[PDB]
Amino acid sequence: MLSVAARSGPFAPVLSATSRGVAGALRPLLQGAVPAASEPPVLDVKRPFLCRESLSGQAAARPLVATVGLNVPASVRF
Amino acid sequence: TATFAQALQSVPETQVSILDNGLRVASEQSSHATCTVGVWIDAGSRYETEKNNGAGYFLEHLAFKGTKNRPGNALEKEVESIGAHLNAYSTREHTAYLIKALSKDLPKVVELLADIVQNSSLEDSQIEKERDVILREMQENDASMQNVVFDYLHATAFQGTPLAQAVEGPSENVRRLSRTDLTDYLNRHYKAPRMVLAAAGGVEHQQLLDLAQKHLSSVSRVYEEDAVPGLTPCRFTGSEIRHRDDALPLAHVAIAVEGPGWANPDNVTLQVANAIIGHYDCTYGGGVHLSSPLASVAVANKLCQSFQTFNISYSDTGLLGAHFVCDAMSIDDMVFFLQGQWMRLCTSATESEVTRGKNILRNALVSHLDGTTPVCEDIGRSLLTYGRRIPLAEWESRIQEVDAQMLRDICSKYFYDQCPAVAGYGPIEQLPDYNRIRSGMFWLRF
Amino acid sequence: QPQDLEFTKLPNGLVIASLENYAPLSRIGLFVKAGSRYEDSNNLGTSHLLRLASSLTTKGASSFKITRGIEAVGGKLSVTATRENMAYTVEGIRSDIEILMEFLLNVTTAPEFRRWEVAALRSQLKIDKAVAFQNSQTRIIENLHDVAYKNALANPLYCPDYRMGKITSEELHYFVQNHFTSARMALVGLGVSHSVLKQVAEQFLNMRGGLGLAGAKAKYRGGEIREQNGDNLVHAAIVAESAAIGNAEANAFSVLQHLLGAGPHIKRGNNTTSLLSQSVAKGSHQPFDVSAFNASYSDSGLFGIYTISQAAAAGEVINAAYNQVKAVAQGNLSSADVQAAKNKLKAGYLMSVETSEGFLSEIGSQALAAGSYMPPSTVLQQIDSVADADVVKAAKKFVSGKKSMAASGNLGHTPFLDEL
Amino acid sequence: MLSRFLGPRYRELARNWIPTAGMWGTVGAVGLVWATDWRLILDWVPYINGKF
Amino acid sequence: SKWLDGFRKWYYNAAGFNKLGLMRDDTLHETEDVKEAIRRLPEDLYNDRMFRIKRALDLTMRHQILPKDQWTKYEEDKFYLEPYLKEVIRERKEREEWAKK
């Protein structure tokens with residue numbers, strides 16, 4: 001009894017994925033549609049670490065402490 | 001070798017016989033070790049009389065909850081004890097109870113089917129809990145938004161007729177319906193002349209006839225008041241319904257016109273027309289090279305989330321049209337594009353387009369009947385609607401009659417200068433008024 | 001009536017299976033052992049883009065030619081990828097099928113893989129992943145696979161979100177030239193003569209004679225993942241290591257999942273002969289859905305329970321299902337239940353190959369695994385050759401193994417793996 | 001440089017659009033002779049020959 | 001013959017886009033086929049072409065040309081746009097001949 005997807009009765013279409021490159025005559029039931037979701041906020045390019053001298057101190061040693069403010073920038077310190 | 005016509009005539013023939021009760025027993029045989037046996041009853045929402053508007057649905061629920069000789073889950077246990085699958089559905093015109101099983105257990109399943117259509121034990125506690133279950137799944141089917149637009153389109157197209165009401169009916173009828181009303185519905189509409197016993201797969205026709213004579217003998221056969229419930233033609237209404245809820249992310253719009261029904265041959269031609277326009281959703285992997293003009297336009301302009309054409313047939317009536325889901329900003333544009341496609345089929349259909357639609361319809365008709373469940377569905381629905389099983393070679397002969405001139409004549413007969421029925425649900429204020437949609441259904445250049 | 005199935009093993013390792021049944025339309029499928037099993041940490045999601053690359057330009061046909069030529073004859077091209085193998089299936093009316101075959105030939109042998117087309121396709125794979133993860137069972141099964149295995153089966157069916165916009169044509173070309181070789185493929189034709197398939201295979205399946213790259217050897221780790229998403233329902237899959245395919249223990253585990261309940265048989269049913277549903281329905285007075293999960297691969301297997309329950313009553317449902325499996329792991333079961341489980345399993349197998357798609361998928365997997373036909377009656381007698389002690393020792397092997405748990409929803413009352 | 005429309009489909013479109021374009025030309029000719037009060041055609045018609 | 005090659009390089013000097021540092025493929029008018037071939041270019045060829053066009057625009061703004069030792073010459077005028085453009089017209093001709101029938 002091969003066909004590993006049909007080994008599982010109800011878990012046939014969950015273990016498998018069936019794309020259709022050229023969609024045929026019969027339409028599939030539950031066509032489906034993505035909702036128009038949101039977008040993530042944009043952020044600046046960060047600091048890469050390409051040397052041992054820049055990486056020093058980046059390893060965390062203390063618990064995470066966050067700080068917000070009315071007119072000071074938000075920060076997180078480890 | 002073997003061409004298309006020889007393979008189409010090599011398909012085995014469906015044998016139909018009539019019992020003394022008027023029960024129509026039909027079957028067809030293949031090499032399969034399984035079987036699909038079902039009972040199709042000519043009873044739906046069209047026969048309900050606005051006060052028992054969910055009677056067929058509520059019997060369709062209670063049919064599997066126990067009979068007189070098999071009280072409750074023991075019946076259920078029996079079918080699980082043979083590993084068979086039991087399914088049902090209820091339309092506006094037809095009700096079906098079908099079982100997939102093995103062929104080697106053909107007798108017992110027929111016996112089960114027998115009491116399911118004639119010996120159902122309707123208990124008050126089961127009535128209460130299935131009333132709650134039906135309320136739960138009307139709440140569930142309110143989320144299936146294309147079903148909501150389907151119901152809205154039927155209501156606004158068949159206003160004032162028994163074909164507007166849904167199969168599950170209103171909520172108050174679910175809250176108030178009593179066992180006597182269900183008994184009246186089952187005594188009126190579950191008689192033997194309206195039942196087709198269909199079987200598909202590795203089943204002997206004579207064996208099934210012996211089983212139907214043993215079990216399904218004397219189902220009702222008697223009107224008990226000499227009152228035949230006859231169907232009456234329903235008035236089509238060019239109308240618009242607009243359910244507006246801007247909180248939804250996507251909008252579903254269905255546009256329709258009349259189609260002729262089951263027993264008019266140009267349905268086949270109309271099917272070819274749908275095969276020209278076709279279906280699409282966002283996960284189709286063709287790109288900008290799909291053969292359907294509406295699909296390529298909607299891909300290039302990024303209009304749709306999905307669209308889908310339909311032809312829906314009842315007794316001398318039906319709904320022919322399209323249904324799409326998209327965001328708000330696209331809606332108006334797509335309506336224009338969709339109507340333009342229809343007008344192209346009314347005016348300037350070509351021959352390669354008709355040939356492509358014919359090949360699509362050939363593949364749809366053959367590949368739909370793969371397995372015993374859709375074959376059995378085709379048998380039962382064809383004996384209820386056409387009065388006979390139309391063979392696939394007859395379908396191929398009718399598809400071959402279609403050329404471009406008669407196709408655009410039929411499309412001009414059913415689409416051009418006709419008032420549509422429009423249903424909408426979602427952010428639909430960019431969906432135009434009825435005047436612009438109606439004006440888009442004809443060209444000023446012809 | 002048709003004749004029996006016909007096999008051919010070409011010298012480059014290609015398997016050819018054909019059934020001549022004079023069907024009105026024919027089905028041609030090529031089965032390749034090139035799933036997501038064969039990626040590693042650097043080319044994740046290559047199988048997802050290769051799944052959607054079935055309508056790109058090849059040599060001999062463009063994207064326009066492939067799409068318009070398959071849609072002009074009304075035929076259909078699809079591809080189905082499992083975590084172990086892919087299947088490219090074309091279908092169409094019989095008098096056209098040979099031209100359809102060469103289209104599939106191109107898609108399976110010489111893709112061009114231009115850069116601009118895959119840069120267009122990556123948005124489509126993001127949209128496809130969103131549509132696929134719209135439901136919760138897919139998300140929890142992919143999480144369960146990522147937790148249960150540490151290599152070669154934790155690779156999901158869908159491309160990860162960081163990799164989108166980063167799959168290049170070079171990774172696709174590397175994947176095709178290392179896994180789409182002729183010693184790992186089966187060409188199966190329903191409704192076509194054997195000489196046509198042999199002629200096409202001798203024409204253009206003579207380029208990659210090696211066995212490719214293989215030997216990934218998935219290992220088991222276990223653990224748990226708990227996706228808090230605050231839904232009203234709580235999904236939870238608890239699995240453990242089980243036997244692979246090629247064993248009588250795999251038959252024992254299939255009999256075990258159909259004994260405990262492996263999905264519905266009745267529309268709006270109560271699942272009365274399911275043991276798990278019986279135990280939870282004795283426990284809980286709220287709606288639920290308990291079933292048995294069994295994913296058997298060629299190297300390892302996962303077996304467990306999959307529960308859907310309410311947010312607050314999740315612990316009672318999960319504990320009742322686990323105690324039901326514990327009770328049937330201690331010999332407490334009836335032989336009539338095992339006989340009904342065997343009947344359910346063989347009825348499901350005979351209904352799976354009832355349609356042409358299930359039959360072609362089954363014979364494609366059989367040709368990929370053994371290269372020879374297993375008739376359905378041999379499968380039924382192998383089902384019938386399973387004792388009760390085999391099912392008992394299968395449940396005992398489940399209960400004594402370290403579990404992989406994936407949970408999704410409001411997990412305030414959902415237990416942890418130390419409390420099963 | 002109009003060689004893109006040399007095929008059977010555009011000929012099919014052309015023979016589809018012969019009668020509509022001919023009827024639109026008939027409308028244009030009748031409207032032109034109606035608005036201009038042209039004496040060539042309006043003397044060939046029975047009822048309109050009343051003012052001459 | 002080689003007379004035609006010498007006459008083509010004389011015409012190359014007489015046309016004058018070599019004096020602005022331009023290639024031959026930079027001087028193509030932006031039709032739809034040309035724009036699609038630009039869209040199919042790799043990013044380094046795209047950046048080189050855009051810088052060449054911007055520098056030529058700057059030089060023609062000042063009514064000046066380059067010094068002669070950085071002029072484009074007839075031999076190293078590489079034809080980068082030719083295979084992309086050839087594939088674009090072949091695909092468009094295939095779509096047109098499909099749509100003709």
# chains A, B, ... in the order shown; residues from 1 in each chain; ligands from 1
call {"tool": "residues_around", "arguments": {"residues": "residue A:20", "least_positions_apart": "4", "cutoff": "10 Å", "atoms": "only C-alpha atoms", "output": "PyMOL selection string"}}
result
(chain A and resi 24) or (chain B and resi 283-286) or (chain C and resi 51-52+54-55+76-80+88-89)
call {"tool": "closest_atom_pairs", "arguments": {"of": "stretch 82-173 of chain C", "to": "stretch 225-233 of chain C", "cutoff": "12 Å", "atoms": "only C-alpha atoms", "output": "JSON lines"}}
result
{"residue": "C:136", "atom": "CA", "partner": "C:233", "partner_atom": "CA", "distance": 10.0}
{"residue": "C:137", "atom": "CA", "partner": "C:233", "partner_atom": "CA", "distance": 11.7}
{"residue": "C:139", "atom": "CA", "partner": "C:227", "partner_atom": "CA", "distance": 9.6}
{"residue": "C:140", "atom": "CA", "partner": "C:227", "partner_atom": "CA", "distance": 8.6}
{"residue": "C:141", "atom": "CA", "partner": "C:225", "partner_atom": "CA", "distance": 11.0}
{"residue": "C:142", "atom": "CA", "partner": "C:225", "partner_atom": "CA", "distance": 10.9}
{"residue": "C:143", "atom": "CA", "partner": "C:225", "partner_atom": "CA", "distance": 7.1}
{"residue": "C:144", "atom": "CA", "partner": "C:225", "partner_atom": "CA", "distance": 7.5}
{"residue": "C:145", "atom": "CA", "partner": "C:225", "partner_atom": "CA", "distance": 10.4}
{"residue": "C:146", "atom": "CA", "partner": "C:225", "partner_atom": "CA", "distance": 9.1}
{"residue": "C:147", "atom": "CA", "partner": "C:225", "partner_atom": "CA", "distance": 6.9}
{"residue": "C:148", "atom": "CA", "partner": "C:225", "partner_atom": "CA", "distance": 9.9}
call {"tool": "residues_around", "arguments": {"residues": "residue D:9", "least_positions_apart": "2", "cutoff": "7 Å", "atoms": "only C-alpha atoms", "output": "PDB file with N, CA, C and O atoms, in the first residue's frame"}}
result
ATOM      1  N   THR B 350     -15.410  33.703 -32.834  1.00  0.00           N
ATOM      2  CA  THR B 350     -14.638  33.115 -33.915  1.00  0.00           C
ATOM      3  C   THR B 350     -14.739  31.594 -33.852  1.00  0.00           C
ATOM      4  O   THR B 350     -15.487  31.036 -33.052  1.00  0.00           O
TER       5      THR B 350
ATOM      6  N   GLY D   7      -4.826  36.715 -41.535  1.00  0.00           N
ATOM      7  CA  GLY D   7      -5.135  35.399 -41.038  1.00  0.00           C
ATOM      8  C   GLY D   7      -6.612  35.095 -41.162  1.00  0.00           C
ATOM      9  O   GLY D   7      -7.417  35.961 -41.517  1.00  0.00           O
ATOM     10  N   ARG D  11     -10.274  37.620 -41.069  1.00  0.00           N
ATOM     11  CA  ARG D  11     -11.261  37.467 -42.134  1.00  0.00           C
ATOM     12  C   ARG D  11     -12.623  37.074 -41.570  1.00  0.00           C
ATOM     13  O   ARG D  11     -13.660  37.543 -42.056  1.00  0.00           O
ATOM     14  N   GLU D  12     -12.630  36.216 -40.543  1.00  0.00           N
ATOM     15  CA  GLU D  12     -13.867  35.833 -39.866  1.00  0.00           C
ATOM     16  C   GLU D  12     -14.514  37.031 -39.183  1.00  0.00           C
ATOM     17  O   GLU D  12     -15.736  37.219 -39.258  1.00  0.00           O
ATOM     18  N   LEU D  13     -13.694  37.858 -38.528  1.00  0.00           N
ATOM     19  CA  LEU D  13     -14.164  39.102 -37.926  1.00  0.00           C
ATOM     20  C   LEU D  13     -14.717  40.050 -38.980  1.00  0.00           C
ATOM     21  O   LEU D  13     -15.743  40.711 -38.761  1.00  0.00           O
TER      22      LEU D  13
ATOM     23  N   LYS E 100      -3.162  35.204 -35.131  1.00  0.00           N
ATOM     24  CA  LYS E 100      -3.662  35.391 -36.491  1.00  0.00           C
ATOM     25  C   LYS E 100      -4.649  34.299 -36.879  1.00  0.00           C
ATOM     26  O   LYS E 100      -5.674  34.576 -37.508  1.00  0.00           O
ATOM     27  N   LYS E 101      -4.359  33.057 -36.515  1.00  0.00           N
ATOM     28  CA  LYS E 101      -5.243  31.947 -36.833  1.00  0.00           C
ATOM     29  C   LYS E 101      -6.396  31.875 -35.844  1.00  0.00           C
ATOM     30  O   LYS E 101      -6.376  32.514 -34.796  1.00  0.00           O
TER      31      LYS E 101
END
call {"tool": "interface_residues", "arguments": {"of": "chain E", "to": "chain D", "cutoff": "12 Å", "atoms": "only C-alpha atoms", "output": "PyMOL selection string"}}
result
chain E and resi 92-101
call {"tool": "write_last_selection", "arguments": {"atoms": "C-alpha atoms", "output": "compact mmCIF listing (two decimals), in the first residue's frame"}}
result
# COMPACT_ATOMS: atom_id res chain seq x y z
CA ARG E 92 6.05 38.56 -29.91
CA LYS E 93 6.07 37.14 -33.45
CA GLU E 94 5.04 33.75 -32.03
CA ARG E 95 2.16 35.35 -30.12
CA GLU E 96 1.11 37.29 -33.23
CA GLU E 97 1.16 34.24 -35.52
CA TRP E 98 -0.81 32.31 -32.91
CA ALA E 99 -3.41 35.07 -32.69
CA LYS E 100 -3.66 35.39 -36.49
CA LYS E 101 -5.24 31.95 -36.83
call {"tool": "interface_residues", "arguments": {"of": "chain C", "to": "chain E", "cutoff": "10 Å", "atoms": "only C-alpha atoms", "output": "mmCIF file with C-alpha atoms, in the first residue's frame"}}
result
data_model
loop_
_atom_site.group_PDB
_atom_site.id
_atom_site.type_symbol
_atom_site.label_atom_id
_atom_site.label_comp_id
_atom_site.auth_asym_id
_atom_site.auth_seq_id
_atom_site.Cartn_x
_atom_site.Cartn_y
_atom_site.Cartn_z
ATOM 1 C CA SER C 62 7.755 28.737 -24.536
ATOM 2 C CA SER C 63 5.419 29.645 -21.675
ATOM 3 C CA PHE C 64 2.945 30.944 -24.250
ATOM 4 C CA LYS C 65 3.211 27.764 -26.325
ATOM 5 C CA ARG C 68 -1.998 27.989 -25.111
ATOM 6 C CA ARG C 114 15.408 32.248 -16.876
ATOM 7 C CA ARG C 115 15.982 34.805 -14.141
ATOM 8 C CA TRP C 116 13.192 37.253 -15.004
ATOM 9 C CA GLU C 117 10.520 34.541 -14.969
#
call {"tool": "atom_distance", "arguments": {"atom1": "atom CA of residue B:42", "atom2": "atom CA of residue B:136"}}
result
26.7 Å
call {"tool": "closest_residue", "arguments": {"among": "B:23, B:304, B:354, B:114", "to": "chain A", "atoms": "only C-alpha atoms"}}
result
B:304
call {"tool": "closest_atom_pairs", "arguments": {"of": "chain B", "to": "chain C", "cutoff": "8 Å", "atoms": "only C-alpha atoms", "output": "CSV"}}
result
residue,atom,partner,partner_atom,distance
B:2,CA,C:22,CA,6.8
B:3,CA,C:95,CA,6.1
B:4,CA,C:24,CA,6.0
B:7,CA,C:24,CA,5.0
B:8,CA,C:24,CA,5.9
B:31,CA,C:1,CA,7.5
B:32,CA,C:354,CA,6.6
B:33,CA,C:350,CA,7.0
B:34,CA,C:351,CA,6.6
B:61,CA,C:268,CA,8.0
B:73,CA,C:272,CA,6.9
B:76,CA,C:272,CA,7.3
B:77,CA,C:273,CA,6.2
B:80,CA,C:265,CA,6.7
B:81,CA,C:340,CA,5.1
B:82,CA,C:343,CA,6.1
B:83,CA,C:344,CA,4.0
B:84,CA,C:265,CA,6.7
B:85,CA,C:265,CA,4.8
B:86,CA,C:266,CA,4.9
B:87,CA,C:267,CA,5.5
B:88,CA,C:267,CA,7.2
B:101,CA,C:347,CA,7.2
B:102,CA,C:347,CA,6.6
B:282,CA,C:127,CA,7.6
B:283,CA,C:128,CA,5.9
B:285,CA,C:52,CA,6.6
B:286,CA,C:55,CA,6.3
B:289,CA,C:64,CA,5.5
B:290,CA,C:67,CA,6.4
B:291,CA,C:68,CA,6.1
B:356,CA,C:72,CA,5.2
B:357,CA,C:74,CA,7.9
B:359,CA,C:74,CA,5.0
B:360,CA,C:74,CA,4.4
B:361,CA,C:74,CA,7.9
B:362,CA,C:74,CA,7.9
B:363,CA,C:74,CA,6.3
B:366,CA,C:24,CA,7.2
B:367,CA,C:25,CA,7.6
B:370,CA,C:355,CA,5.5
B:371,CA,C:355,CA,4.5
B:372,CA,C:354,CA,7.6
call {"tool": "decode", "arguments": {"residues": "stretch 196-234 of chain C", "atoms": "N, CA and C atoms", "output": "CSV table (one decimal), in the first residue's frame"}}
result
chain,number,residue,atom,x,y,z
C,196,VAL,N,4.0,3.6,-27.4
C,196,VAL,CA,4.1,5.1,-27.4
C,196,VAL,C,5.0,5.6,-26.3
C,197,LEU,N,4.7,5.1,-25.0
C,197,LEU,CA,5.5,5.5,-23.9
C,197,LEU,C,7.0,5.1,-24.1
C,198,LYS,N,7.2,3.9,-24.6
C,198,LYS,CA,8.6,3.4,-24.8
C,198,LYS,C,9.3,4.2,-25.9
C,199,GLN,N,8.6,4.6,-26.9
C,199,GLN,CA,9.2,5.4,-27.9
C,199,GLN,C,9.5,6.8,-27.4
C,200,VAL,N,8.6,7.4,-26.6
C,200,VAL,CA,8.9,8.8,-26.1
C,200,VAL,C,10.1,8.7,-25.1
C,201,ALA,N,10.1,7.7,-24.3
C,201,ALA,CA,11.2,7.5,-23.3
C,201,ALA,C,12.5,7.2,-24.0
C,202,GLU,N,12.5,6.5,-25.1
C,202,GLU,CA,13.8,6.3,-25.8
C,202,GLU,C,14.2,7.5,-26.6
C,203,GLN,N,13.2,8.4,-26.9
C,203,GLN,CA,13.5,9.6,-27.6
C,203,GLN,C,14.2,10.6,-26.7
C,204,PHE,N,13.5,10.9,-25.6
C,204,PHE,CA,14.0,12.1,-24.8
C,204,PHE,C,14.0,11.8,-23.3
C,205,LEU,N,14.4,10.6,-22.9
C,205,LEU,CA,14.7,10.4,-21.5
C,205,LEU,C,16.1,9.7,-21.3
C,206,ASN,N,17.1,10.2,-22.0
C,206,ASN,CA,18.4,9.6,-22.1
C,206,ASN,C,19.5,10.6,-21.9
C,207,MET,N,19.4,11.4,-20.8
C,207,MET,CA,20.3,12.4,-20.6
C,207,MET,C,21.0,12.3,-19.2
C,208,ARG,N,20.3,11.8,-18.2
C,208,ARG,CA,20.9,11.8,-16.8
C,208,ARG,C,20.8,10.4,-16.2
C,209,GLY,N,21.8,9.6,-16.5
C,209,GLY,CA,21.7,8.2,-16.1
C,209,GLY,C,22.1,7.9,-14.7
C,210,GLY,N,22.6,8.8,-13.9
C,210,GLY,CA,23.0,8.6,-12.6
C,210,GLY,C,21.9,8.4,-11.6
C,211,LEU,N,22.2,8.0,-10.4
C,211,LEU,CA,21.2,7.9,-9.3
C,211,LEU,C,21.0,9.3,-8.6
C,212,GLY,N,21.7,10.3,-9.0
C,212,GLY,CA,21.6,11.6,-8.4
C,212,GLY,C,22.2,11.7,-7.0
C,213,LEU,N,21.7,12.6,-6.3
C,213,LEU,CA,22.2,12.9,-4.9
C,213,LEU,C,21.2,12.4,-3.9
C,214,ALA,N,21.6,11.5,-3.0
C,214,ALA,CA,20.7,10.9,-2.1
C,214,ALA,C,21.4,10.5,-0.8
C,215,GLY,N,20.6,10.1,0.2
C,215,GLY,CA,21.1,9.7,1.5
C,215,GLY,C,21.0,10.8,2.6
C,216,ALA,N,19.8,11.4,2.6
C,216,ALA,CA,19.6,12.5,3.5
C,216,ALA,C,19.5,12.0,5.0
C,217,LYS,N,18.7,10.9,5.2
C,217,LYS,CA,18.6,10.2,6.4
C,217,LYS,C,18.0,11.0,7.5
C,218,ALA,N,16.7,11.3,7.4
C,218,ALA,CA,16.0,12.1,8.4
C,218,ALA,C,16.1,11.4,9.8
C,219,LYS,N,16.3,12.3,10.8
C,219,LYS,CA,16.5,11.9,12.2
C,219,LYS,C,15.3,12.5,13.1
C,220,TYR,N,15.1,11.9,14.2
C,220,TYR,CA,14.0,12.2,15.0
C,220,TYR,C,14.5,13.0,16.3
C,221,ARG,N,13.8,14.1,16.6
C,221,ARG,CA,14.2,14.9,17.8
C,221,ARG,C,13.1,15.0,18.8
C,222,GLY,N,11.9,15.3,18.4
C,222,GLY,CA,10.8,15.5,19.4
C,222,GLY,C,10.8,16.9,19.9
C,223,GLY,N,9.9,17.1,20.8
C,223,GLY,CA,9.7,18.4,21.4
C,223,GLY,C,8.3,18.9,21.3
C,224,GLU,N,8.2,20.3,21.4
C,224,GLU,CA,6.8,20.8,21.2
C,224,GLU,C,6.9,22.3,20.7
C,225,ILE,N,5.9,22.7,20.0
C,225,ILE,CA,5.7,24.0,19.5
C,225,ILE,C,4.3,24.4,19.9
C,226,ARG,N,4.1,25.7,20.3
C,226,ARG,CA,2.9,26.2,20.9
C,226,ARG,C,2.6,27.6,20.3
C,227,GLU,N,1.9,27.6,19.2
C,227,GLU,CA,1.5,28.8,18.5
C,227,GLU,C,0.3,29.4,19.2
C,228,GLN,N,0.5,30.4,20.0
C,228,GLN,CA,-0.6,31.2,20.6
C,228,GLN,C,-1.2,32.1,19.6
C,229,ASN,N,-2.4,31.9,19.1
C,229,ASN,CA,-3.1,32.8,18.2
C,229,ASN,C,-4.4,33.2,18.7
C,230,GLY,N,-4.9,32.7,19.9
C,230,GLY,CA,-6.1,33.3,20.5
C,230,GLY,C,-7.4,32.9,19.9
C,231,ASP,N,-7.4,31.8,19.1
C,231,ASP,CA,-8.6,31.4,18.4
C,231,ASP,C,-9.6,30.7,19.5
C,232,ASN,N,-10.8,30.6,19.1
C,232,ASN,CA,-11.8,29.9,19.9
C,232,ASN,C,-11.5,28.4,20.0
C,233,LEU,N,-11.0,27.9,19.0
C,233,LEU,CA,-10.7,26.4,18.9
C,233,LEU,C,-9.2,26.2,19.2
C,234,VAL,N,-8.8,25.1,19.7
C,234,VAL,CA,-7.5,24.7,20.0
C,234,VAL,C,-7.2,23.4,19.2
